[PDB]
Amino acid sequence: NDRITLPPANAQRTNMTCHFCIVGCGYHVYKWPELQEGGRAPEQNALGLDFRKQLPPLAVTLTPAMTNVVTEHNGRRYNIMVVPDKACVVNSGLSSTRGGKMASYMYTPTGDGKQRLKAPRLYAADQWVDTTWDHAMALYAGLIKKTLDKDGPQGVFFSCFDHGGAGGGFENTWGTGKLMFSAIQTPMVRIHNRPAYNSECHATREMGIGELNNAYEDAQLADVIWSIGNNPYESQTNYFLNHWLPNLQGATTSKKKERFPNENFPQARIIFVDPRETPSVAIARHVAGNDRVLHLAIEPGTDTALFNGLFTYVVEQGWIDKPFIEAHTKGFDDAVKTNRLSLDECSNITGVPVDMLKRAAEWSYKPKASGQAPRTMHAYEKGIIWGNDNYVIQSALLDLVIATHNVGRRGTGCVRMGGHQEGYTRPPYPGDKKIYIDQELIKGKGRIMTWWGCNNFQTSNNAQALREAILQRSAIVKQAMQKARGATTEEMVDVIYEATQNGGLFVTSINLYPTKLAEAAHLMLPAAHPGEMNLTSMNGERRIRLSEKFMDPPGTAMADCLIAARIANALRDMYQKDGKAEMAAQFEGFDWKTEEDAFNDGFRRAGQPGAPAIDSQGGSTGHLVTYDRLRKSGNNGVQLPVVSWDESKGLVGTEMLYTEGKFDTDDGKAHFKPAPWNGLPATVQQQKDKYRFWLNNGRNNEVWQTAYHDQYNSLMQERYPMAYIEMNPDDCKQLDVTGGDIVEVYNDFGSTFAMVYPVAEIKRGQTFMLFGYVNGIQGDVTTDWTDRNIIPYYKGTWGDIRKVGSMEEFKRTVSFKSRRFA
């Protein structure tokens, strides 16, 4: 299509944070009647741009995929246009390919959202049918009640989001957490991305450093940026584009010199710790030159050895902050002993040459001519979070960072780059045990399992074992339900419960779409995403923003916090009818009419007089934030924690944490930790000894997560009709494969499939497969091994590769050209 309808000068405009990644770029949503349009003259459209002649480059981001026509519940049709906010400090008008599709991914009856869940769906033994919300509730609450009455909360299982943004956020984590933990009181809860109720960042938190400790502005002020297990051009695009690159280009040097008049600032440099050469390394080299990028292409799983070698080296050189150590830390002398590793040994383990280890250390830690330590920001993500022993790698890394004083100074930080946005407010987890939920379900525990805003069929570790067990246990319930005729709800609850005593499992999904979960589910409930509801969340620098409702959800779809309230109130009514006052009281506190009620009950009550125990990223000053105050802050919102609010200054927040050297520990000191080097886990080493290829896995810039929207998008499906696996071209020749061939990828844990993507930069014996996808699920070959806190080594698996055949249609239609910008 070859034109677009401009928004009228007077079009309605609301704020919207991107639905997707951590960066949380700012957008505007323009909404106006279908049959109206703006004029081309700049003052006659809402964009203020002059379309009477060609726009210059960088003036706008605007394509047909950024527009739609939505149909409200009243039947009225409205143009929408969802475009990035030029004045938002996060993104400065940038839009990634993922956020730029938001308008296309809004619900319409005819577009990419056609298949959105819009009514409760029931698998009534042998077919999918619609059901009423009240019947769905009677069944679902009926089964949870029966389970609680007979088995207790341990029979009630969840896997639920704990993140921000779309399918997350402060309203929704509170609704669900209040339901799961305060009302039902079940400890049988895992998280969308990991199979127990735990943290990605136990070590750094226990050391006293929360993982989002800086501002995006610190990436502008750094001398050196480390990107550890991280591909930020693809996975945190506009942070890398709007903050990292301008530093590499020399555009922020004056800001550094203004802030620090007596400090040398050399040209900024960048160090990647990644076994794989990624688009981020290629782009950094393009922008900075080869001499300002170091790619430490470590052997898979060797991060701990790397950081122990570097820590030992900086200590031996004296490139550490001895007064900071003495005043603000504990356990340094112990870590020096436990973590001792020579550079020769470091090099042997990691495969990185001694000269590159020394260079990394000299760039990052050796004092500058003017006397100050370099300002070195250490950013990490899933290459180590899902690496070889999550807890140990962070221990090693943070030791290095603390010794070098690279937390709490501007231009520093040791931070998560993030995945989703963040938006966590919940009651404490109601037990003291770490429980590997997948393994419990596979062993046959639980009566009812609810997937809530996640799809572990595509995303679990050891996913094939999970899917097989869930399909089998689900079929037992399906089979039992078929014999029913004219069953009352109570009788159906009993038929199902009985089937669960014979190995069955009732499965509910609460989602935007059916997904592959529909292969197993008995019940699916329709949810609503931001713009269909109000929603709050924060980005990778803790900047909380309100995303404003501007349209109706499809059919009877509901905000997740309001679904949790619905379930709690159905359970309360059942207990009250059954004369059980003490059980009914557990389901109090869900009298919510709109999502804002959930924000008021959770985020805004944390630490307040009379409030229960509440764990909230907003802290005890959260009450200072309201929807109206966030609205007034705009897409710049406020960085948490809020320090003050009044009418004259708005919300005032916090730019960087730990700037006084007071850490989140009992004594206010950061704590060093031992980091033993143990090699690869034995479970992983066994696969490696048996099989040829390292099965590295992760993100592709264009594809978002499990592709729940992307699966319906014609452009996406043309480009990536199947999950792909990057392979070294010599390895391809040996296997007689080329671009667009299909291969089976397998080991002891499972078998899956991918289209071959030859990539020159991939190392012999290594590969990279798109994770989480709708056609060829990568996680089938990942192991069950997890760290001490049940954090999986998703990036740690080996397998063999066998040619299936040439897919001529992929060869005809898909580009296999290089995705690394030369």
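We number the residues from 1 along the sequence you see.
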Original post:
Out of 320-328 and 693-701, which one has CA B-factors that are higher on average in the deposited record?
Top reply: 320-328
Original post:
On average, are the C-alpha B-factors higher in 537-545 or in 427-435?
Top reply: 427-435
Original post:
Whose C-alpha has the highest temperature factor in the PDB entry: 153, 453, 232, 275?
Top reply: 153
**OP:** Compare the CA B factors listed in the entry for 671, 190, 410, 709 and report the winner.
**Re:** 671
Original post:
Would the CA B-factor of residue 802 place it in the lowest, middle or highest third of its chain?
Top reply: highest
Original post:
Taking the entry's C-alpha B-factors for this chain, is residue 748 in the lowest, middle or highest third?
Top reply: middle
Subject >> Position of residue 381 among the chain's modelled residues by C-alpha B-factor, lowest, middle or highest third >> reply: lowest
**OP:** For residue 205, return the chain-relative third of its C-alpha B-factor as stated in the PDB record: lowest, middle or highest.
**Re:** middle
Subject >> For residue 734, the third of its chain into which the C-alpha B factor falls >> reply: highest
